[PDB]
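Trainee: Have a look at this one before I ask anything.
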Ligand SMILES: [Zn+2]
């Protein structure tokens, strides 16, 4: 375990071998995902005719509208993905990150250098990706009539989100770096608990303060829908406070619905794109019954317990690997071993195989968690209304019913429409 790690090679290097290992993995994962992308792109180009099983789900006009849309999305997804994978590789090989660290110079001094390094890194991040983002909304989402955004709204929102990002990023990072540099030798427990507080605080704050800045939040008007939601909320013993209708129709024709809170103060959030055109009151309640299922089946609580179990395991292995000067020298840091750089190298590159496996396992769990929430909706009796809703929402978001099994197994957090509909038909 430790005696085998001290062995030296008279044929191969040490720091250079682990750096290449990072890039070799990053490219094999990319090539695996590109193979999967190619596999699913073939499905869109081959299946031009509507299947007999998916015949009642979408008509030939809606199916070809969905086919064209998913095809344009696949083409963009490749080139935008290829540019990113090339950029990451090139910045690493060219030695961007250490040189940027030198340029953000000239414990308080290191935290300041880290803070300005972060500010510049996210500035380049935002600007380099903005043309791709502008293309997706104004060419893909606009061609297939989803986008409702103007160039002004897109621009004003980009700055709004970028500013709010820094105002959260800068204080959290400066306080996080402080705990690692000051604390010890068990600094990882104090750093993990800080991120634990920051995570749960941002979860409750987001929809109540951060989210109403970018999108128009208004309380749901009193009616047949507003009354029936409260009846369902009291039935499941869900402590409902308020019901909101988000102006999602200002951005895109895409529908959404979720809940948020801490304990006795829970609130339901609906999109106007889901209520208007959208879904009928009977279908909306069934969609809510599914989302309320995640609350009742404790999917919400289980997902937090997994996320904090992952960060504990990560901060522990970080505390074990932060002392190793070999991983810093690998990426071009020879003169110093900075804390923020250590967080970047270990969490985003050394943990890359673990992070990829954990993500796959959580995607498998998410699919199982969705089926359980669909089974809960059937247990409420709204199985027939959810069956109709899932199809109507799929037609609204031009979702292709056919999908490559290997692609959906790896990527899809939600199981395929035909798989979800068959489970509801059986119930
Ligand atoms: Zn769900």
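In our numbering, the protein residues as written are 5 to 431. Just so it is clear, CB atoms sit at the ideal spot from N, CA and C, and this is done for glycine as well.
I think residue 96 touches residue 27, with their Cβ atoms under 8 Å apart; what is that distance to the nearest whole Å?
Mentor: That pair is a contact at about 7 Å.
Trainee: Can you say whether residue 318 is buried or exposed, counting buried as having 16 or more other CB atoms within 10 angstroms of its CB?
Mentor: So residue 318 ends up on the buried side.
Trainee: For a test of the three-state rule: what should DSSP assign to residue 18, helix, strand or coil?
Mentor: If DSSP states are grouped into helix, strand and coil, residue 18 belongs with coil.
Trainee: Where does residue 261 fall in DSSP's three states?
Mentor: Residue 261: strand per DSSP, three-state reduction.
Trainee: DSSP on residue 248, reduced to helix/strand/coil?
Mentor: If DSSP states are grouped into helix, strand and coil, residue 248 belongs with the strands.
Trainee: Looking at the structure shown, is residue 222 part of a helix, part of a strand, or coil, going by DSSP?
Mentor: In this structure, residue 222 counts as strand in the three-state DSSP scheme.
Trainee: Using only alpha-carbon positions, find the residue among 416, 424, 423 that is nearest to residue 363.
Mentor: The shortest C-alpha separation from residue 363 is found at 416.
Trainee: With residue 193 as the anchor, note down where its alpha helix (DSSP H) starts and where it stops.
Mentor: Residues 191-209.
Trainee: Taking 6 Å as the line, does the beta carbon of residue 436 fall inside it for any heavy atom of ligand 1?
Mentor: Nothing in the structure corresponds to residue 436, since the chain is present only between 5 and 431.
Trainee: Just to confirm my understanding: we take residue 298, look at its own chain, exclude 5 residues before and 5 after, and list those with CB closer than 6 Å. What are they?
Mentor: Hits under 6 Å: 304, 377.
Trainee: Taking C-alpha atoms, which residue in 274, 306, 329 lies nearest to residue 291?
Mentor: Checking every option, the nearest Cα to that of residue 291 belongs to 274.
Trainee: Going by C-alpha distance, which of 424, 69, 421, 195 is nearest residue 322?
Mentor: Per the Cα distances, 195.
Trainee: Less than 7 Å between the C-beta atoms of residue 43 and residue 389, yes or no?
Mentor: Not a contact, by the Cβ cut-off of 7 Å.
Trainee: How close, in whole Å, do the beta carbons of residue 421 and residue 403 come, if the pair is a contact with beta carbons under 8 Å?
Mentor: The pair is a contact, with the Cβ atoms about 7 Å apart (cut-off 8 Å).
Trainee: Quick one: Cα of residue 268 to Cα of residue 243, how far?
Mentor: One C-alpha to the other measures close to 5 Å.
Trainee: In whole angstroms, give me the CA-to-CA distance for residue 130 and residue 109.
Mentor: Distance between the alpha carbons of residue 130 and residue 109 is about 22 Å.
Trainee: Assign residue 48 to one of two classes, buried (16 or more other C-beta atoms within 10 Å of its C-beta) or exposed (fewer than that).
Mentor: That one is buried.
Trainee: For ligand 1, any of its heavy atoms closer than 6 Å to the Cβ of residue 374?
Mentor: Correct: residue 374 has its Cβ closer than 6 Å to ligand 1.
Trainee: Taking Cβ positions, are residue 246 and residue 216 nearer each other than 7 Å?
Mentor: No, they are not a contact pair.
Trainee: What does DSSP give as the partner residues of residue 301 in its beta bridges?
Mentor: Partner(s): none; residue 301 has no beta bridge.
Trainee: Can you check which of these residues, 62, 78, 8, 23, is closest to residue 38 by C-alpha distance?
Mentor: For the residues 62, 78, 8, 23, the minimum Cα distance to residue 38 belongs to 78.
Trainee: Taking just the CA atoms, how far does residue 353 sit from residue 219?
Mentor: Going from the Cα of residue 219 to the Cα of residue 353 covers about 35 Å.
Trainee: Please state the DSSP three-state secondary structure of residue 108.
Mentor: The answer is coil: DSSP assigns residue 108 none of H, G, I, E or B.
Trainee: So, residue 396 versus residue 62, is the Cβ gap smaller than 7 Å?
Mentor: Cβ distance not < 7 Å, so residue 396 and residue 62 don't count as in contact.
Trainee: In angstroms with no decimal places, state the Cα-to-Cα distance between residue 128 and residue 153.
Mentor: Those two C-alpha atoms are separated by around 24 Å.
Trainee: Write down every uninterrupted run of the beta strand (DSSP E) in the segment 321-379 whose length is 3 residues or greater and which is fully enclosed by it, in chain order.
Mentor: Correct list: empty.
Trainee: Could you pull the start and end residues of the alpha helix (DSSP H) that residue 115 belongs to?
Mentor: 112-139 is the extent of the alpha helix (DSSP H) around residue 115.
Trainee: What span of residues does the alpha helix (DSSP H) with residue 174 cover, start to end?
Mentor: 155-186 is the span of the alpha helix (DSSP H), which, as asked, contains residue 174.
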